2 protein chains.
Amino acid sequence: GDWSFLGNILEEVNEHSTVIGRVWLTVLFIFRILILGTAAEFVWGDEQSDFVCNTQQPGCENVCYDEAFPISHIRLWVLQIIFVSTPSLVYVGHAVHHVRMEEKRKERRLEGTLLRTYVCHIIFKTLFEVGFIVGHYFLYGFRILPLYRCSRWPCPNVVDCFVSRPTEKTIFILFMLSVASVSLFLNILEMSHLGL
Amino acid sequence: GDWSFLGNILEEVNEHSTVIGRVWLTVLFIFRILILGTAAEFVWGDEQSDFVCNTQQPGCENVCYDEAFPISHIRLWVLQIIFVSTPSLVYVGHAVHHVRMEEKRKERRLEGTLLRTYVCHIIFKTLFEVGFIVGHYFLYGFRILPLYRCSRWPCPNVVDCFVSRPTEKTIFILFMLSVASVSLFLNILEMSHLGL
């Protein structure tokens with residue numbers, strides 16, 4: 001996973017953001033992207049290969065892994081990162097559009113419409129963070145148990161399947177939840193600081 | 001299985017029985033013992049070796065075969081044969097005891113106490129036949145289905161196990177039931193013929 005493109009564009013908008021937005025962005029780079037690439041990706045690497053079911057039924061392990069894990073937590077966190085970063089991109093686009101307009105108009109900072117855009121970007125970041133948190137909760141909760149019982153066809157009756165590294169995965173699930181909540185708190189502080 | 005001993009003793013009591021008792025004994029030799037040794041024993045030969053369960057759990061097939069088949073039908077029919085033959089042995093013992101007494105008393109047929117003994121032997125044969133029929137019914141019924149579902153420990157949840165030769169076994173179960181019922185009818189005819 002090469003995050004160079006997103007990185008370069010978000011460090012562009014480091015220069016154009018509040019101090020609390022610079023903290024938010026540093027958190028995104030260090031506690032989410034870096035963790036994902038240096039730790040979480042390896043934890044989930046053998047998610048299906050080490051998933052085992054007590055059965056001689058061909059196909060059962062496939063369908064039971066798929067039912068237990070409709071989308072891997074790591075893919076969900078990738079999507080979360082991209083969607084929470086998208087409003088920053090929108091804002092920096094608006095800002096650069098104004099810089100190029102000012103240059104052109106001459107040929108021919110957080111005030112006015114850039115403030116409304118910044119506040120909206122904060123709002124959307126907050127809502128997307130909340131949405132991904134809630135979705136994670138309803139999909140998986142915040143704990144992976146070792147045992148998963150499966151009755152999906154072709155599995156005969158109910159079969160016992162065993163998850164890879166449930167405890168390490170639980171630790172990283174809770175870590176990512178905490179990081180997301182810190183991000184939410186930072187966004188709240190941004191709104192308060194702007195208001196006051 | 002060597003039935004020579006029992007055979008010789010029951011062909012001793014061929015000579016001392018009614019015509020209907022000679023028919024009963026011929027039925028015992030031909031339709032029960034001979035069938036058991038020339039046919040049924042081979043049908044049940046691979047009862048556990050070809051019994052298969054859809055599981056990777058060590059021990060499960062053992063406990064599931066044992067729960068499905070607490071006692072093989074062939075062992076049950078062996079016991080049935082011996083118990084229904086036992087009263088004939090008692091009667092012939094009484095008769096030979098009287099023959100040896102008469103010989104001794106000289107040194108020094110179905111009348112009197114031999115009639116009471118013969119009738120009692122018929123009664124006990126009837127009751128044992130009925131008891132084994134009823135026991136067979138309650139234990140297994142009169143049909144072996146291919147699928148047996150098992151939840152005995154160590155089996156995880158419910159496992160699907162598959163029986164060897166369920167249809168051939170059902171055919172022989174019904175055949176042996178019919179032969180037993182014919183034997184019952186013969187005993188009833190014996191009692192009627194003696195009464196009339």
# chains A, B, ... in the order shown; residues from 1 in each chain; ligands from 1

call {"tool": "residues_around", "arguments": {"residues": "region 139-147 of chain B", "least_positions_apart": "4", "cutoff": "8 Å", "atoms": "only C-alpha atoms", "output": "list in words"}}
result
residues 135, 160, 161, 162, 163, 164, 165, 166, 167, 169, 170, 173 and 174 of chain B

call {"tool": "interface_residues", "arguments": {"of": "chain A", "to": "chain B", "cutoff": "6 Å", "atoms": "only C-alpha atoms", "output": "list in words"}}
result
residues 54, 55 and 56 of chain A

call {"tool": "closest_residue", "arguments": {"among": "B:34, B:180, B:196, B:110", "to": "residue 84 (chain B)", "atoms": "only C-alpha atoms"}}
result
B:180

call {"tool": "residues_around", "arguments": {"residues": "residue 96 (chain A)", "least_positions_apart": "2", "cutoff": "12 Å", "atoms": "only C-alpha atoms", "output": "MDAnalysis selection string"}}
result
chainID A and resid 9 12:13 15:16 89:94 98:103 109 114

call {"tool": "write_last_selection", "arguments": {"atoms": "N, CA, C and O atoms", "output": "mmCIF file, in the first residue's frame"}}
result
data_model
loop_
_atom_site.group_PDB
_atom_site.id
_atom_site.type_symbol
_atom_site.label_atom_id
_atom_site.label_comp_id
_atom_site.auth_asym_id
_atom_site.auth_seq_id
_atom_site.Cartn_x
_atom_site.Cartn_y
_atom_site.Cartn_z
ATOM 1 N N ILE A 9 -0.582 15.270 -0.606
ATOM 2 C CA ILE A 9 -1.655 16.255 -0.691
ATOM 3 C C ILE A 9 -2.090 16.714 0.708
ATOM 4 O O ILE A 9 -2.378 17.908 0.941
ATOM 5 N N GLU A 12 0.371 19.142 1.952
ATOM 6 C CA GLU A 12 0.026 20.437 1.385
ATOM 7 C C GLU A 12 -0.936 21.174 2.299
ATOM 8 O O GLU A 12 -0.768 22.368 2.564
ATOM 9 N N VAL A 13 -1.963 20.474 2.796
ATOM 10 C CA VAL A 13 -2.971 21.168 3.604
ATOM 11 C C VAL A 13 -2.598 21.245 5.084
ATOM 12 O O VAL A 13 -3.326 21.868 5.866
ATOM 13 N N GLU A 15 -0.041 23.122 5.753
ATOM 14 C CA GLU A 15 0.276 24.547 5.723
ATOM 15 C C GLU A 15 -0.954 25.435 5.848
ATOM 16 O O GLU A 15 -0.851 26.560 6.345
ATOM 17 N N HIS A 16 -2.119 24.963 5.409
ATOM 18 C CA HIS A 16 -3.317 25.790 5.359
ATOM 19 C C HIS A 16 -4.333 25.458 6.442
ATOM 20 O O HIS A 16 -5.493 25.864 6.330
ATOM 21 N N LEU A 89 -9.134 17.299 1.462
ATOM 22 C CA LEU A 89 -8.826 17.508 0.056
ATOM 23 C C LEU A 89 -9.756 18.539 -0.562
ATOM 24 O O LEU A 89 -9.317 19.401 -1.327
ATOM 25 N N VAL A 90 -11.049 18.448 -0.263
ATOM 26 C CA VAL A 90 -11.999 19.425 -0.787
ATOM 27 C C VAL A 90 -11.612 20.834 -0.344
ATOM 28 O O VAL A 90 -11.599 21.782 -1.141
ATOM 29 N N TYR A 91 -11.302 20.990 0.941
ATOM 30 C CA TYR A 91 -10.943 22.300 1.470
ATOM 31 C C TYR A 91 -9.678 22.838 0.817
ATOM 32 O O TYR A 91 -9.621 24.009 0.425
ATOM 33 N N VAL A 92 -8.635 22.013 0.728
ATOM 34 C CA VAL A 92 -7.395 22.481 0.124
ATOM 35 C C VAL A 92 -7.616 22.810 -1.342
ATOM 36 O O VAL A 92 -6.982 23.721 -1.882
ATOM 37 N N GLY A 93 -8.503 22.078 -2.015
ATOM 38 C CA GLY A 93 -8.842 22.427 -3.381
ATOM 39 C C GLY A 93 -9.461 23.804 -3.479
ATOM 40 O O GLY A 93 -9.087 24.607 -4.331
ATOM 41 N N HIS A 94 -10.419 24.092 -2.601
ATOM 42 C CA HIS A 94 -11.022 25.420 -2.567
ATOM 43 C C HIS A 94 -9.968 26.495 -2.314
ATOM 44 O O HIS A 94 -9.942 27.535 -2.988
ATOM 45 N N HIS A 98 -8.598 29.469 -4.801
ATOM 46 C CA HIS A 98 -8.604 30.900 -4.523
ATOM 47 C C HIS A 98 -7.224 31.506 -4.720
ATOM 48 O O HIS A 98 -7.106 32.653 -5.159
ATOM 49 N N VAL A 99 -6.169 30.766 -4.392
ATOM 50 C CA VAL A 99 -4.821 31.284 -4.613
ATOM 51 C C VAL A 99 -4.567 31.491 -6.104
ATOM 52 O O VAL A 99 -4.050 32.534 -6.527
ATOM 53 N N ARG A 100 -4.937 30.505 -6.926
ATOM 54 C CA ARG A 100 -4.762 30.662 -8.367
ATOM 55 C C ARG A 100 -5.657 31.760 -8.922
ATOM 56 O O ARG A 100 -5.247 32.486 -9.835
ATOM 57 N N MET A 101 -6.857 31.930 -8.364
ATOM 58 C CA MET A 101 -7.706 33.033 -8.792
ATOM 59 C C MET A 101 -7.055 34.364 -8.457
ATOM 60 O O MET A 101 -7.098 35.301 -9.255
ATOM 61 N N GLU A 102 -6.521 34.496 -7.243
ATOM 62 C CA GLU A 102 -5.883 35.749 -6.858
ATOM 63 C C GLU A 102 -4.703 36.054 -7.770
ATOM 64 O O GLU A 102 -4.526 37.196 -8.208
ATOM 65 N N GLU A 103 -3.905 35.034 -8.098
ATOM 66 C CA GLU A 103 -2.786 35.239 -9.016
ATOM 67 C C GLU A 103 -3.288 35.715 -10.374
ATOM 68 O O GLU A 103 -2.786 36.702 -10.930
ATOM 69 N N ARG A 109 -5.990 33.946 6.638
ATOM 70 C CA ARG A 109 -6.453 33.449 5.348
ATOM 71 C C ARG A 109 -7.810 32.767 5.484
ATOM 72 O O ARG A 109 -8.580 32.693 4.528
ATOM 73 N N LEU A 114 -13.847 30.566 2.801
ATOM 74 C CA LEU A 114 -12.926 29.523 3.219
ATOM 75 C C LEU A 114 -13.236 29.077 4.635
ATOM 76 O O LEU A 114 -12.999 27.918 4.983
#

call {"tool": "residues_around", "arguments": {"residues": "region 69-76 of chain A", "least_positions_apart": "2", "cutoff": "8 Å", "atoms": "only C-alpha atoms", "output": "list in words"}}
result
residues 36, 40, 41, 44, 65, 66, 67, 78, 79, 80 and 173 of chain A

call {"tool": "write_last_selection", "arguments": {"atoms": "N, CA and C atoms", "output": "PDB file, in the first residue's frame"}}
result
ATOM      1  N   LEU A  36      -1.182   0.849  10.489  1.00  0.00           N
ATOM      2  CA  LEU A  36      -1.755  -0.062   9.511  1.00  0.00           C
ATOM      3  C   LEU A  36      -0.671  -0.753   8.702  1.00  0.00           C
ATOM      4  N   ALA A  40      -0.775  -3.686  11.801  1.00  0.00           N
ATOM      5  CA  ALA A  40      -2.055  -4.336  11.519  1.00  0.00           C
ATOM      6  C   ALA A  40      -2.050  -5.216  10.270  1.00  0.00           C
ATOM      7  N   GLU A  41      -1.502  -4.725   9.163  1.00  0.00           N
ATOM      8  CA  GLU A  41      -1.474  -5.520   7.938  1.00  0.00           C
ATOM      9  C   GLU A  41      -0.853  -6.899   8.135  1.00  0.00           C
ATOM     10  N   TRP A  44      -3.309  -9.267  10.261  1.00  0.00           N
ATOM     11  CA  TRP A  44      -4.371  -9.808   9.427  1.00  0.00           C
ATOM     12  C   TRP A  44      -3.886 -10.551   8.188  1.00  0.00           C
ATOM     13  N   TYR A  65     -15.587 -18.378   6.650  1.00  0.00           N
ATOM     14  CA  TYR A  65     -14.756 -17.189   6.730  1.00  0.00           C
ATOM     15  C   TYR A  65     -15.488 -15.989   6.161  1.00  0.00           C
ATOM     16  N   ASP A  66     -16.145 -16.168   5.017  1.00  0.00           N
ATOM     17  CA  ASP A  66     -16.819 -15.049   4.376  1.00  0.00           C
ATOM     18  C   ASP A  66     -17.963 -14.527   5.234  1.00  0.00           C
ATOM     19  N   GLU A  67     -18.656 -15.416   5.941  1.00  0.00           N
ATOM     20  CA  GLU A  67     -19.758 -14.986   6.790  1.00  0.00           C
ATOM     21  C   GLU A  67     -19.239 -14.316   8.054  1.00  0.00           C
ATOM     22  N   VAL A  78      -8.785   1.202   5.935  1.00  0.00           N
ATOM     23  CA  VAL A  78      -8.296   1.908   4.752  1.00  0.00           C
ATOM     24  C   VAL A  78      -9.376   2.838   4.215  1.00  0.00           C
ATOM     25  N   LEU A  79     -10.581   2.304   4.045  1.00  0.00           N
ATOM     26  CA  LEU A  79     -11.696   3.113   3.577  1.00  0.00           C
ATOM     27  C   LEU A  79     -11.960   4.285   4.516  1.00  0.00           C
ATOM     28  N   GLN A  80     -11.986   4.019   5.821  1.00  0.00           N
ATOM     29  CA  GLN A  80     -12.159   5.067   6.817  1.00  0.00           C
ATOM     30  C   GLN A  80     -11.129   6.176   6.653  1.00  0.00           C
ATOM     31  N   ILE A 173      -8.073  -3.623  17.259  1.00  0.00           N
ATOM     32  CA  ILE A 173      -9.407  -3.058  17.090  1.00  0.00           C
ATOM     33  C   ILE A 173      -9.631  -1.946  18.104  1.00  0.00           C
TER      34      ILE A 173
END

call {"tool": "select_by_dssp", "arguments": {"residues": "region 2-196 of chain B", "states": "helix (DSSP H, G or I)", "output": "MDAnalysis selection string"}}
result
chainID B and resid 4:12 19:43 60:68 73:107 113:140 166:195

call {"tool": "select_by_dssp", "arguments": {"residues": "chain A", "states": "strand (DSSP E or B)", "output": "JSON, numbers by chain"}}
result
{"A": [52, 53, 147, 148, 149, 150, 159, 160, 161, 162]}

call {"tool": "atom_distance", "arguments": {"atom1": "CA of residue 43 (chain A)", "atom2": "CA of residue 11 (chain A)"}}
result
28.4 Å

call {"tool": "atom_distance", "arguments": {"atom1": "CA of residue 3 (chain B)", "atom2": "CA of residue 33 (chain B)"}}
result
8.1 Å

call {"tool": "residues_around", "arguments": {"residues": "residue 31 (chain A)", "least_positions_apart": "3", "cutoff": "10 Å", "atoms": "only C-alpha atoms", "output": "ChimeraX atom specification"}}
result
/A:25-28,34-36,175-176,179-180

call {"tool": "write_last_selection", "arguments": {"atoms": "C-alpha atoms", "output": "short mmCIF file (atom, residue, chain, number, x, y, z; two decimals), in the first residue's frame"}}
result
data_model
loop_
_atom_site.label_atom_id
_atom_site.label_comp_id
_atom_site.auth_asym_id
_atom_site.auth_seq_id
_atom_site.Cartn_x
_atom_site.Cartn_y
_atom_site.Cartn_z
CA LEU A 25 -3.20 15.21 10.43
CA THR A 26 -0.16 14.03 12.37
CA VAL A 27 -2.43 11.58 14.18
CA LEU A 28 -3.71 10.35 10.82
CA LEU A 34 1.80 3.97 9.95
CA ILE A 35 0.19 1.49 12.37
CA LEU A 36 -1.75 -0.06 9.51
CA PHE A 175 -6.40 0.79 19.53
CA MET A 176 -7.95 1.99 16.27
CA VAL A 179 -7.41 6.72 17.78
CA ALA A 180 -10.67 7.46 15.96
#
